[PDB]
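Overview (structure and organization)
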Amino acid sequence: XXXXXXXXXXXXXXXXXXXXXXXXXXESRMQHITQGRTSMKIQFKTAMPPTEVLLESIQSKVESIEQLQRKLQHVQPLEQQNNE
Amino acid sequence: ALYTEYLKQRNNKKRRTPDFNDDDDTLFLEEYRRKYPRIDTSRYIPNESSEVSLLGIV
Amino acid sequence: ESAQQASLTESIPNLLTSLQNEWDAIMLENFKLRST
Amino acid sequence: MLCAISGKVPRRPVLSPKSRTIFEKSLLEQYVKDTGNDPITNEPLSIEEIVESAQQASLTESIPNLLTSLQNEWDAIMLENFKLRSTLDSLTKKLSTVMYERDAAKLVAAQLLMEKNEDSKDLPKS
Amino acid sequence: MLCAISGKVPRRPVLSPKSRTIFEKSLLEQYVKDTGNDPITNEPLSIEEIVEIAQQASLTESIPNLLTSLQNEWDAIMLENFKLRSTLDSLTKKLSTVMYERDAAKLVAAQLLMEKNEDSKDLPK
Amino acid sequence: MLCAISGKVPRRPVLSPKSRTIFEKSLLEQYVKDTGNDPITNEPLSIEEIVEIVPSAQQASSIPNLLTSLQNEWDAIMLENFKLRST
């Protein structure tokens, strides 16, 4: 009981010290930017591959879907003139 | 007023540019780019999983 | 008392470019509709 | 897009006003003429109850659809926080017991370093 | 007042019967669809198990600024989520450094006990 | 922010897991000891069936309402566009 509370109190103290070391930061800044340059490289290369793979398949389907949308805009405009 | 004046309110043109060896301000701006790029790469994964099936269904 | 929209491949833009266009398109249409 | 009774693509869709579901007119008409009911819920429905303005619409694409998108973003990211809140409560709990076993053991390392050297200090003098 | 998943004020809260915890309907459903369990107690729970159980509207103040607010708030939450994850990795990392010292120390006690055992034999002679 | 027996502001809001309605621990407990039932629906309920105490754990005590506010203003935008188009 006494040993359980002394460990819970110390764990809260270390938790406050961990929240204090994090709030001060937000040498070290150069490492984070380089970590992003790895990400930017790795991720955006994946993005560009995912994009161009999708684009090849989906730019065709976009045109298919987008040229169909233009048909609603003319199917509507005629609708009103006929109702009128 | 926006339509009459013919001017749209400016959005956050910040995430795109940034700069390395900045300060505490660019430390934030850098950390923003990471989390959104991870969200981006996760947001491209669930699209490619289905792929063209989700598009042709619509 | 289902619909599917294929979220674009280049889906930052949702906060900046897409949302901006939506409130432009709402603004300049109703103004033009008030003119009509 | 489908008719719920047959499963075909209905060429004359008419929606009922008791069980909200898109039926094919020619199919549902016969269902009503059999018995005045809605096929799904078995609630009363007549032929006049079944139903086949000026604001122009555009197709559902990626303002309202954009707002429901941002819910998906945040609601998913909120679960991402749980994965790290729950995992933090295991690591800190194992750290607390680890540092306690370290603090309980290092008192015994300090006494054995005393006792083994004291036994060497005692024995060598004799 | 708070759903124990996201931290929001729930607009359609639902309570689990395996563990007394008011969750939000959207978030608890996604978890059950991932794995049929309760997020706190890890007890076998389903969607039909849930029992559907203050609303005060925010009046920000006296619209172009509200665009930049929502930008800043998403910008802040992105970093408030990031900071909380690197801290988790480094608390686990520093925990792993303690485990090596814990097991390394109890090997060093074995040699120290031998030096005590060797001493007790010599003292008797 | 109200109990569904007396009508007081509940300082320990407990709920029955048969009909979703937040009561106060004192009053619901007195109703259960009187007769083992839920006061609203008259279904079966016991003391162990009740979920007691506040829920905050691994949660921490903005953002979500901004999107709600964005919806509420759009809701007017649509209503206005309708009446403008009718005329």
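Conventions and cut-offs
- Residues numbered from 1 in each chain as written, not as in the entry; some residues may be left out.
- Chains lettered and ligands numbered in written order.
- Part of a larger assembly, values for the part shown.
- Heavy atoms only, no water.
- Residues with missing side-chain atoms left out of burial classes, pairs and counts.
- Helix = DSSP H or I, 4+ residues; strand = E, 2+ residues; numbered from the N terminus.
- Rg over C-alpha atoms; globule rule 2.2 N^0.38 Å.
- Contact = heavy atoms within 4.5 Å.
- Nonpolar A, V, L, I, M, F, W, Y, C, P; charged D, E, K, R; others polar.
- Axes fitted to C-alpha atoms, helices over the stretch in contact; angles between N-to-C directions.
- Parallel < 35°, antiparallel > 145°, perpendicular 65-115°, else oblique.
- Left-handed = near helix turned anticlockwise from the far one by under 90°.
- Pairing = 2+ DSSP bridges.
- Polar contact = N/O pair within 3.5 Å; in protein donor to acceptor, adjacent residues only side chain to side chain.
- Salt bridge = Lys/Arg side-chain N within 4 Å of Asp/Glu carboxyl O.

Looking at the entry header, you'll see cryo-EM listed as the method and 4.00 Å as the resolution.

As recorded in the PDB entry, chain D goes by the name Pre-mRNA-processing factor 19, listed as coming from Saccharomyces cerevisiae.

Side note on the overall build of chain C
Assigned secondary structure in chain C consists of one helix and zero strands. Along the first, second and third principal axes, the C-alpha atoms of chain C reach 35 × 35 × 15 Å.

Side note on the overall build of chain D
When its secondary structure is counted, chain D shows two helices and two strands. Taken from N to C terminus, the helices and strands of chain D fall in the order β-β-α-α. Radius of gyration (C-alpha) of chain D: 38 Å, far over the 14 Å computed for a compact globule of 126 residues. Taking the principal axes of its C-alpha atoms as reference, chain D extends roughly 120 × 35 × 20 Å.

Side note on the interface of chain D and chain E
Listed as interface residues are 25 residues of chain D and, on the opposing side, 23 residues of chain E. Looking at the side of chain D that touches chain E, its residues break down into 14 nonpolar, one polar and 10 charged.

A closer look at unusual backbone geometry
Positive phi outside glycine occurs at B:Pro18, with the angle close to 40°. Following the sequence through the fold, B:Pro18 ends up in the loop between α1 (2-5) and α2 (24-43). Unlike most non-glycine residues, F:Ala60 shows phi in positive territory, near 70°. Here F:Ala60 shows up in the loop between α1 (25-34) and α2 (64-86).

Overview of the packing of α2(B) against helix α2 (residues 64-122) of chain E
At a closest axis distance of 9 Å, the pairing of α2(B) and α2(E) adopts a crossing angle of 80°. Here α2(B) lies roughly perpendicular to α2(E), going by the angle between them. Across the interface between the two elements, B:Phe28, B:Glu31, B:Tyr32, B:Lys35 and B:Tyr36 from α2(B) touch E:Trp74, E:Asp75, E:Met78, E:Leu79 and E:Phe82 from α2(E). Residues that form the contact of α2(B) with α2(E) fall into these classes: seven nonpolar, no polar and three charged.

Thoughts on the arrangement of the chains
Of all 13 pairs of chains sharing an interface, the pair with the highest contact count is chains D and E. What separates chain B from chain F at the closest point of their C-alpha atoms is a distance of 15 Å, and the two make no contact.

A closer look at the packing of helix α2 (residues 28-83) of chain A against α2(B)
At a closest axis distance of 9 Å, the pairing of α2(A) and α2(B) adopts a crossing angle of 25°. On the basis of the axis angle, α2(A) is roughly parallel to α2(B). Both α2(A) and α2(B) take part in a crossing whose hand is left-handed. On α2(B), the residues that touch A:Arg29, A:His32, A:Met40, A:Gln43 and A:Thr46 of α2(A) are B:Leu27, B:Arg33, B:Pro37 and B:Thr41. Considered class by class, the residues forming the contact of α2(A) with α2(B) number three nonpolar, four polar and two charged.

Brief notes about the sheet that holds strand β3 (residues 51-52) of chain E
Residues and elements named next belong to chain E. As summarised here, the arrangement of the three strands in space is β2-β1-β3, forming an open sheet in which the pairing is antiparallel. Where the open sheet ends on each side, the last strands, each with one partner, are β2 (21-24) and β3. Bridge count for strand β1 (residues 13-16) against β3 is two bridges, and the pairing is antiparallel. Counted as the bridge partner of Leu 15 is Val 51 from β3. Against the sheet, helix α1 (residues 25-34) makes contact with β1 and β2, and its axis sits at roughly 95° relative to β2, the strand it touches most.

Regarding the interface of chain F and chain D
Taken together, the contact pairs 12 residues of chain F with 11 residues of chain D. Residues that form the side of chain F that touches chain D fall into these classes: seven nonpolar, four polar and one charged.

Let's talk about the side chain of E:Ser16
Residue and element names in this part refer to chain E. Considering the arrangement of structural elements, one finds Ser 16 in strand β1. Here the side chain of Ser 16 touches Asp 38 through a polar contact of 2.8 Å, side chain to side chain. With residues up to four places along the chain from it excluded, the contact list for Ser 16 reads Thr 21, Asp 38 and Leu 45.

Quick look at the pairing of β1(E)
Residue and element names in this part refer to chain E. With four bridges joining them, β1 and β2 adopt antiparallel strand pairing. Along β2, the bridge assignment pairs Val 14 with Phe 23. Adjacent in sequence and paired antiparallel, β1 and β2 are bridged by four residues.

Some points on the side chain of F:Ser19
All names here are of chain F. Structurally, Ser 19 can be placed in the loop between β1 (13-15) and β2 (22-24). A polar atom in the side chain of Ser 19 sits 2.5 Å from the side chain of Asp 38. Not counting residues up to four positions away in its chain, the partners in contact with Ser 19 are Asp 38, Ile 40 and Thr 41.

A look at the pattern of salt bridges
One salt bridge connects F:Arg85 with C:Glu29, and the closest N-O pair in it is separated by 3.2 Å. Here F:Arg85, found in helix α2, pairs with C:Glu29, found in helix α1 (residues 17-35), and the two come from separate chains.

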